[PDB]
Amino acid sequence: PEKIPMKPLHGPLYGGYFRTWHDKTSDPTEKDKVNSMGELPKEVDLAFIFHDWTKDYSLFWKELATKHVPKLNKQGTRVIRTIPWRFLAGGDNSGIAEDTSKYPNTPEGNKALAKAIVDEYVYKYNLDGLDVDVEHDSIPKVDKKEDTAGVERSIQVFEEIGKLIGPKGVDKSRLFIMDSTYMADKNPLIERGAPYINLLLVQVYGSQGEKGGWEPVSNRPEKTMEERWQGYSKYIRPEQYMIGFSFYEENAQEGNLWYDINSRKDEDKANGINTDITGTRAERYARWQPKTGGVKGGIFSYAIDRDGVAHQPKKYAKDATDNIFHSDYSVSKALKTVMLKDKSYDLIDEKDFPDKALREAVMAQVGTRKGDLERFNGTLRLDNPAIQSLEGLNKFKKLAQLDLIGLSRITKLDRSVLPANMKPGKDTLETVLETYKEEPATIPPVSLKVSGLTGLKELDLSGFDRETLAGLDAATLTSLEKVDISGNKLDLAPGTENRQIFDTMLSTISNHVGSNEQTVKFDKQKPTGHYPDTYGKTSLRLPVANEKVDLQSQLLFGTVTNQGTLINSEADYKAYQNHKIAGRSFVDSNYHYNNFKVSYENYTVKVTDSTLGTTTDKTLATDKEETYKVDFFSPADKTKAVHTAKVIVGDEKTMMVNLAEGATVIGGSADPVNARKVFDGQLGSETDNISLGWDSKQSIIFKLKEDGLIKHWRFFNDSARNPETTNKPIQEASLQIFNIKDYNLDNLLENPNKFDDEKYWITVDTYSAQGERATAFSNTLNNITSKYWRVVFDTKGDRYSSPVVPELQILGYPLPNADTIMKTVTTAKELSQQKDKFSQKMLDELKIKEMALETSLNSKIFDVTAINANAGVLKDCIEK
């Protein structure tokens, strides 16, 4: 039949999914189906056809096209064909797209598929639009496997369909609709599909759709109703957004029980009808509006053939409501009535914006509903010079950006003609949804840009707590005769951008009517205190004394304004407090240093000494001569330093390096793979098996990587990695170097585990645990130069008390030929004890060159060049 013309879509809308297998004409076999899709009331704006694609129902499609559609159109109801996502791709159950012959994955093939799709599902029965179901159940598949190529192809075709129908199509009278279960960032079709659709329908069935899901790990609601909208707010307009609940489907199973309408009473066994809307999730969905952006397009219901049917009680999730009922659609009519009482959908009129040019701009850029003014958080640009009055701007509650451009007829700017969110504030919009507990979100103040207002005589921005004056093109405000920027948070110190803008306005005013206390106001400012991006004090030299030092207060300090003004101390702020403009300060009298300064109270430190020993104490004792590296951390990020400084107590000592990191395990009675983990440079993961062996006494024979002079060593207990360790700490320990003087190195390498015995080695230090808890042990070493080492750990407990050592550090400074340098300095000592062989005068000259080398070897500032020189002087002196 010929298509009855219908008025353009105008929300708030009600949609409904009518399942085809519940229309009388669908299956003549049964008679329990007493419902008809043509019986849907005028209250329904969108009648969706949800079909069982395995069924034929040829009698239904005829009834639909010839009787249902004319009846529904005449009352103003549109009929939309719902097709699966996979119908746009190919593969399993893809309908038309199964025939790859006529519709290949080509540009012209996709273009042909799009035409065939609208031909078959839209125009064939003269329907009012196409609805694409995009969810997991409708995903493109090939042999039951999800197909990326299919999904990617379905992004096209969709674009091609959109060129035929929808707001960007040839036939705009046909709607193009996407319904989905996905979030925007999980919907691969929304980004390129959104410009082609009229409406986006989100399925939010059940309490999980309403409240969102409770995420276990975070102790916080995820995927909430507001988050879902916010995700799609990037792609569509609020008026295109429709949320959905579900009626009770007969014989519904677990996973399909939503309870979006009132359940059956646990005693009323003979009744399956409950047309009451009171307390339902559907009634709450009808009244729900987004907090930002604007008012929604409306709501929709699934299984609208089950309208009026009570839900099966939750107690029976493993009935009278499972019978088939003849619906009169009371619930649908009731919900549409609720949405029509929503005053949010009242049109923005001349009362809101008396100026026609302004009213037009708002209607184009924001919306047409009064409730959009409460929610719009985008950008309103006013660059139409015709605008004579800004009356109505105060109606904006959440506006993000306002551009006043070239409006040369405006003579005054104040709070009465500016957005209500000029000053800070919280969300006042009430919530209608159930929650798991609603903390009022912070409404960001509107960013204001004013340029070209050449007729502006008064500018009043007082008492808005404005953070900055950025946006004011003061040079263009040539008619200014009065200004008031007092009572904000502006930093008006000289050299700042805020000051530049103010001075320009001041100059204009002085020339016009003269600058006085009634034409120029700027005081009572409370500038915000911020953390500096960088810190200047990277070095601190302290004398050796019996004093404790607060590292934070001496290295990590300072508060900066958003204009760049850095205040490092109360003295700096006092100098800031008497910055004068026209003889008086701009800073509020009650805004003191403690009110302005940021707090470093919860910052943490990491102090590393020259032996690479670490502490986390913010207080440093200067009773010992030591050089430190100090890292500072913010509470927000404990693994990333906001500032690094060097602290030198007494004479500076060069920072040592772990010469044992990356060493090679050669032997020793220990797990060779875990033994390598004491040299990896980390404490390891708590979950990692790091035990050296089974016996309580394990040993490790290893080789260093770089020639160096060893001056220290350190090993950690398991408690350094895990404070709650059950592993027994190391009781006895020995650090050893190879006895290369009395034994052959070659024998050691060819068979290492034969030399896993003390006699082949020389103990250079011994550790005996005192008893108290200790995360590590460290000790000094007297200039050791051995490439090959041996270490023995022992917990001295029972067996199965494995020696657990997260790291072994052998510290010192890099020095090539260190082994040889110590040879010639050792020979110098040997010859000095041969007093029967050389004269005292020959020895005294030698001792000078000997004590010259030792001084450079033990020099606090480690000089490799000087060491080489003093070693060369000595070696030539020993020859002969």
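In this text, residue numbers run from 1 along the sequence as written.
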Of the deposited residues between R799 and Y800, the number without coordinates is none
Please classify the unmodelled stretch of the deposited sequence between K624 and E625: none, 1 to 3, 4 to 9, or 10 or more residues.
none
Looking only at C-alpha temperature factors in the entry, 138 to 146 or 610 to 618, the higher average sits in 138 to 146
As the entry reports it, the stretch among 54 to 62 and 842 to 850 with higher mean C-alpha B factor is 842 to 850
From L390, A670, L127, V446, can you pick the one with the highest C-alpha B factor in the entry?
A670
One of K265, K356, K482, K398 has the largest Cα B-factor in the entry, namely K265
Select lowest, middle or highest to describe the third in which the CA B-factor of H512 falls within its chain in this entry.
middle
Relative C-alpha B-factor of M822, binned into the chain's lowest, middle or highest third:
highest
Split the chain's modelled residues into thirds by Cα B-factor; is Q577 in the lowest, middle or highest one?
middle
Going by the recorded CA B-factors, say which third of the chain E39 sits in, lowest, middle or highest.
middle
Lowest, middle or highest third - CA B-factor, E438
highest
